[PDB]
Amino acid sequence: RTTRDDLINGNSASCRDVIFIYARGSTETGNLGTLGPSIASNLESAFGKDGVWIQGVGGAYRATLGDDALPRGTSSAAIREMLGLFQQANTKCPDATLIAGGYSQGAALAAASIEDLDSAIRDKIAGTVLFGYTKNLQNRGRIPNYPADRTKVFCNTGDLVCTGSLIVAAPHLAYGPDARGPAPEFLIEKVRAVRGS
């Protein structure tokens, strides 16, 4: 449940049409944490197990407490890891539509990764969802170099990380409903749209 490596494990001759790369929050377990499994099960309901590959950002990304305070909201090692996953998706499954997401430090990680990504690969990311986005105020609610229409930010009233702090308050732990409903519906609608005509 909390650890999914579908992209790394996936048989390349049977690539999924959709690949979801997700980064967990600070101190969370597995490579999906608390919110990722909810999003994943909904994506699976839409595209089936063979239609979407769920890949959590593991490896060098330890979701360490304190790394939140680094300049980009996470470590260089973590950014390298996620950029590496995007690159692997691009080469292993060139025809796949990518979708991404992150929560807490993971949201900062997703934003930094997408900002640094090669433009050809970045164009393949149909949609990105961010929960308790730690760089929300700093980046004015956007992911640098990425269009607003493909971004959905979930920042609760009272979630201090959305207003420039790093402190964890009650509203920061209340994104479960968003992960089970609006977030996957957004991602699915974006995929359906780009791969449709």
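Residues carry their position along the shown sequence, with the first being 1.
Taking the mean C-alpha B-factor of each stretch as recorded, 67-75 and 108-116 are not equal, and the higher mean is that of 67-75.
Averaged over CA atoms, B-factors in the entry run higher in 173-181 than in the other of 173-181 and 17-25.
The residue among 52, 148, 167, 130 whose C-alpha atom has the highest B-factor in the PDB entry is 167. Note on the listed residues 157, 136, 41, 31: the highest Cα temperature factor in the record is that of 41. Remark: residue 190 belongs to the middle third of its chain, ranked by C-alpha B-factor as recorded. When the modelled residues of the chain are ordered by C-alpha B-factor, residue 144 sits in the highest third. In this PDB entry, the Cα temperature factor of residue 56 sits in the bottom third of its chain's modelled residues, the lowest group. The entry lists a Cα temperature factor for residue 121 that places it in the highest third of the chain's modelled residues.
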